[PDB]
Every structure is written in structure tokens, then in C-alpha cells.
Amino acid sequence: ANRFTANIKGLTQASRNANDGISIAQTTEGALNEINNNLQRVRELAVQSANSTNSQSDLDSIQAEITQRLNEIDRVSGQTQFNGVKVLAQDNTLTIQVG
Amino acid sequence: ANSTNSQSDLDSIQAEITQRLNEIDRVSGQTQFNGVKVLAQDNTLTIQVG
Amino acid sequence: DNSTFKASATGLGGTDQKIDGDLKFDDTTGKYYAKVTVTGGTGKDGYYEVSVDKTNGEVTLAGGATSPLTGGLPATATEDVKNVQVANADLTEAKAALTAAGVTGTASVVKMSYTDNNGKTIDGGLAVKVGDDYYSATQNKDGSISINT
Amino acid sequence: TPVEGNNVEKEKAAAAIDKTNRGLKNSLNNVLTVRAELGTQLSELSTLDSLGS
Amino acid sequence: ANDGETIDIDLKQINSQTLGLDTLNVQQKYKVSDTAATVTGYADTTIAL
């Protein structure tokens with residue numbers, strides 16, 4: 001009975017640990033989704049840029065928006081965080097104790 | 001073992017563990033019977049039942 | 001101590017010389033000050049700026065020149081004391097106590113900061129640091145320091 | 001003795017109290033020993049008088 | 001029931017000062033100027049005539 005009790009307590013706690021893992025994964029994915037939207041916009045502008053009908057002023061405006069988007073990507077990468085972990089700033093490996 | 005824990009949280013967990021261990025040593029030393037302590041050592045005792 | 005002043009009094013001259021009052025310390029430039037009265041002399045009675053060693057406190061008048069300090073006393077030294085004053089950086093007694101603890105190393109004193117494996121930084125207290133190795137310290141009434149015990 | 005906020009009186013009093021605790025324990029054991037000796041005396045006296053009769 | 005069979009509780013001074021927040025201020029500097037308010041006027045004093 002005592003060994004069963006130990007097992008039960010451990011497994012309950014481990015279930016909650018798994019919940020933590022789910023949460024952090026979701027946070028990371030949301031950030032990635034915003035990044036994806038920005039990249040889509042940048043590809044659209046890139047397509048617009050190639051038309052030889054334009055002059056340097058128009059290209060400068062296009063570059064302005066391109067730079068703003070890239071700056072926003074940098075900011076999102078820099079500022080997103082979960083309980084201190086900076087999920088996109090650095091390569092990292094996280095273990096979750098589900099047993 | 002959650003890699004999600006931030007180091008302050010780990011310190012909190014360590015606090016709780018330390019207090020548990022303090023209570024364990026309290027139980028070990030301070031329990032008594034008739035005035036004699038029981039568990040403050042490995043001990044060996046014969047009762048005369050005949 | 002005044003005995004070293006009385007020798008400087010022979011530099012001033014006059015029938016007799018004496019220092020009046022306690023000695024005023026300079027908490028911002030590290031100086032002591034004194035007043036002097038002279039018997040039967042002229043232009044030797046004055047306010048003077050003096051220097052002292054901490055082993056004995058023997059007082060010597062650098063201002064011994066025959067003229068009072070401008071305005072009597074500078075505002076930098078308003079606090080009056082009868083005893084050796086020491087700077088916080090000196091940490092004489094804390095360092096002596098450490099040496100009594102068998103510390104075989106010149107001691108530096110610092111302020112702390114920690115970081116976690118995500119780069120988040122926090123601040124800490126005061127420490128006594130011996131090369132690579134660290135001791136913790138606490139601050140007394142006036143900036144004089146203690147080592148946590 | 002007032003000890004409000006005054007260390008060196010707080011713990012000092014506490015140490016005196018601890019010493020008192022130990023002392024009371026020893027005193028109880030001593031008087032119990034005396035009780036036991038008297039109990040033996042009474043049992044002997046009861047047994048002896050019957051023998052005498 | 002015996003000496004040292006005890007538990008300790010630690011307590012801390014908590015306030016704006018020990019939390020290092022007494023200087024918390026969000027105000028930007030205002031700009032200061034002044035003008036000469038020359039008050040002509042009179043009042044009486046206990047000194048007798």
C-alpha cells in the first residue's frame with residue numbers, strides 16, 4: 001500500500017508537469033505564428049518590388065516597411081518569454097518529468 | 001525535475017525540502033518513552049516474556 | 001595625543017602654547033583640525049590643520065605657519081572627536097579579524113550580482129573577496145563593515 | 001523581567017527557564033525515588049506485623 | 001517536553017524602505033520661472049508710538 005501511495009503521488013505531480021509542457025509549447029507556437037504573418041507580408045512586398053516601373057523613392061518606401069517588419073520580428077524574438085525562459089532567443093533543451 | 005521551473009522556484013522547493021528534513025531529525029532525536037530515547041541510534045533490546 | 005604638538009609649539013614660539021578643544025575631523029577630505037592659544041605671544045593663537053597617525057593619534061600641525069586658517073575653520077570638518085578616525089575603505093578591524101580567521105590573502109570588498117541560466121540578473125549585498133574566493137559582509141552604523149558570522 | 005524588543009534579556013530569560021525545566025525534571029525523579037523507598041517500608045511493616053501475631 | 005524541542009519562525013521588516021521603493025517616482029521635471037510680486041502695503045506692529 002505504501003509503495004502504491006508513493007507511486008500515486010508521483011504520477012499526479014507528473015501529470016501536472018506535463019501540463020506545464022503543453023503550456024510552454026503553446027506560447028512558443030503563438031509567437032511563431034505572428035512571425036509567420038510578418039514573413040508573408042515581406043514576401044508580398046518583395047514581389048511588388050521587382051517591377052522595373054518604379055524609381056528609387058518607391059523602393060525606399062518599400063524598404064521602409066520591410067525594415068519595420070524585420071524589426072518587429074527581432075522584437076518578438078527578443079521579448080517573448082515564459083516564466084523567464086526566453087523560448088526563441090537561444091538554442092535550448094528542456095526536459096519534462098512525466099514519469 | 002520540471003525544466004520549466006525558474007531558479008527562484010527551485011529555491012522555494014529546496015526550502016520546503018529542508019524544512020521536511022528538519023522535522024525528520026526532530027522526530028528521530030526527540031521521541032522518548034518513559035524518559036529514554038528510542039531512535040537516536042541503532043538499538044537492540046530483549047524483553048523477558050517467560 | 002598632544003605631545004607631538006608641543007614640539008611644534010616650539011616652532012611657534014611664545015611663552016607657552018596649548019591646543020583648545022577636541023579635534024574636528026573632515027569626513028570629505030580626511031583631515032583633523034585644532035585651535036591653539038599662546039601665552040604672551042602675538043599671531044600664534046590660531047586655528048590650525050593637523051595630521052595624525054592611527055597607531056598613536058599623535059597630532060602634528062601642518063598649519064603651524066604663523067597665521068590662522070582662513071575663516072577660522074573650514075566647513076568640511078564640523079564634527080569634533082577625541083579619537084582616531086578611519087575611512088570605510090580601510091576596513092582595518094575587519095581585515096584584522098579575518099587575519100585572525102587565518103585568511104592568507106589580501107582582502108578586497110565588493111558588491112554582488114547574480115544571474116540565472118536565462119540571463120535574468122538580480123543584485124546582492126556586500127562581500128569580502130579574496131582573489132577568486134568570496135566571503136559575505138554586513139555594514140555597520142557608519143559604513144564600517146563586518147563579515148557575516 | 002520585561003524583555004520586549006530587548007535581546008540579551010529575551011534569550012537570557014529563556015536560558016534561565018530552560019535550566020529550570022531540567023531542574024524540575026530531576027527534582028521529580030528524586031522525590032519519586034523517596035516515594036518508592038517509603039512504599040517498600042510500608043509493605044515490610046505490614047508483612048512483619050502479621051509474622052509477629 | 002524538553003530543552004530545544006522547538007521550532008523557529010523568522011520575521012522581517014517590510015515597508016517601502018526595506019523594499020527599496022521609497023524613491024519610486026514617475027514625475028518628469030517641470031520647468032520653473034518666477035516673477036516679481038511687489039506688494040505695496042502696510043500693517044501695524046506692537047511697538048508703541
# chains A, B, ... in the order shown; residues from 1 in each chain; ligands from 1

call {"tool": "interface_residues", "arguments": {"of": "chain B", "to": "chain C", "cutoff": "10 Å", "atoms": "only C-alpha atoms", "output": "JSON, numbers by chain"}}
result
{"B": [6, 7, 8]}

call {"tool": "closest_atom_pairs", "arguments": {"of": "chain A", "to": "chain C", "cutoff": "7 Å", "atoms": "only C-alpha atoms", "output": "CSV"}}
result
residue,atom,partner,partner_atom,distance
A:84,CA,C:118,CA,6.8
A:85,CA,C:118,CA,6.0
A:86,CA,C:118,CA,6.7

call {"tool": "closest_residue", "arguments": {"among": "A:49, A:67, A:19, A:80", "to": "chain B", "atoms": "only C-alpha atoms"}}
result
A:19

call {"tool": "residues_around", "arguments": {"residues": "residue 73 (chain C)", "least_positions_apart": "2", "cutoff": "10 Å", "atoms": "only C-alpha atoms", "output": "NGL selection string"}}
result
:C and (24 or 33-35 or 46-49 or 68-71 or 75-78)

call {"tool": "interface_residues", "arguments": {"of": "chain E", "to": "chain B", "cutoff": "12 Å", "atoms": "only C-alpha atoms", "output": "mmCIF file with N, CA and C atoms, in the first residue's frame"}}
result
data_model
loop_
_atom_site.group_PDB
_atom_site.id
_atom_site.type_symbol
_atom_site.label_atom_id
_atom_site.label_comp_id
_atom_site.auth_asym_id
_atom_site.auth_seq_id
_atom_site.Cartn_x
_atom_site.Cartn_y
_atom_site.Cartn_z
ATOM 1 N N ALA E 1 8.598 18.367 25.182
ATOM 2 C CA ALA E 1 8.622 18.425 26.633
ATOM 3 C C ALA E 1 9.995 18.766 27.193
ATOM 4 N N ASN E 2 10.986 19.020 26.342
ATOM 5 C CA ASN E 2 12.357 19.172 26.800
ATOM 6 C C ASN E 2 13.024 20.346 26.102
ATOM 7 N N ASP E 3 14.230 20.652 26.564
ATOM 8 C CA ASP E 3 15.011 21.752 26.011
ATOM 9 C C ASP E 3 15.282 21.525 24.534
ATOM 10 N N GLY E 4 15.068 22.564 23.733
ATOM 11 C CA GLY E 4 15.454 22.528 22.341
ATOM 12 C C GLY E 4 14.514 21.777 21.431
ATOM 13 N N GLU E 5 13.437 21.206 21.963
ATOM 14 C CA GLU E 5 12.424 20.561 21.135
ATOM 15 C C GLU E 5 11.491 21.651 20.612
ATOM 16 N N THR E 6 12.058 22.521 19.780
ATOM 17 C CA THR E 6 11.428 23.789 19.454
ATOM 18 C C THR E 6 11.462 24.035 17.955
ATOM 19 N N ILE E 7 10.625 24.970 17.519
ATOM 20 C CA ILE E 7 10.555 25.414 16.134
ATOM 21 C C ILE E 7 10.749 26.921 16.115
ATOM 22 N N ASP E 8 11.441 27.411 15.091
ATOM 23 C CA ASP E 8 11.737 28.828 14.956
ATOM 24 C C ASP E 8 10.966 29.432 13.794
ATOM 25 N N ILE E 9 10.522 30.670 13.984
ATOM 26 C CA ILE E 9 9.886 31.458 12.941
ATOM 27 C C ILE E 9 10.688 32.735 12.768
#

call {"tool": "select_by_dssp", "arguments": {"residues": "chain B", "states": "alpha helix (DSSP H)", "output": "ChimeraX atom specification"}}
result
/B:7-30

call {"tool": "atom_distance", "arguments": {"atom1": "CA of residue 89 (chain C)", "atom2": "CA of residue 56 (chain C)"}}
result
20.1 Å

call {"tool": "closest_atom_pairs", "arguments": {"of": "chain D", "to": "chain B", "cutoff": "12 Å", "atoms": "only C-alpha atoms", "output": "tab-separated table"}}
result
residue	atom	partner	partner_atom	distance
D:25	CA	B:35	CA	10.2
D:26	CA	B:35	CA	11.5
D:29	CA	B:35	CA	10.6

call {"tool": "residues_around", "arguments": {"residues": "residue 39 (chain A)", "least_positions_apart": "4", "cutoff": "12 Å", "atoms": "only C-alpha atoms", "output": "ChimeraX atom specification"}}
result
/A:32-35,43-46,65-73

call {"tool": "atom_distance", "arguments": {"atom1": "CA of residue 93 (chain A)", "atom2": "CA of residue 77 (chain A)"}}
result
17.2 Å

call {"tool": "closest_atom_pairs", "arguments": {"of": "chain D", "to": "chain E", "cutoff": "12 Å", "atoms": "only C-alpha atoms", "output": "CSV"}}
result
residue,atom,partner,partner_atom,distance
D:14,CA,E:3,CA,10.3
D:15,CA,E:3,CA,9.5
D:16,CA,E:3,CA,11.3
D:17,CA,E:3,CA,9.5
D:18,CA,E:3,CA,6.0
D:19,CA,E:3,CA,8.5
D:20,CA,E:3,CA,10.1
D:21,CA,E:2,CA,7.4
D:22,CA,E:2,CA,7.7
D:23,CA,E:2,CA,11.3
D:24,CA,E:2,CA,11.1
D:25,CA,E:2,CA,9.4

call {"tool": "interface_residues", "arguments": {"of": "chain B", "to": "chain A", "cutoff": "9 Å", "atoms": "only C-alpha atoms", "output": "PyMOL selection string"}}
result
chain B and resi 1-6
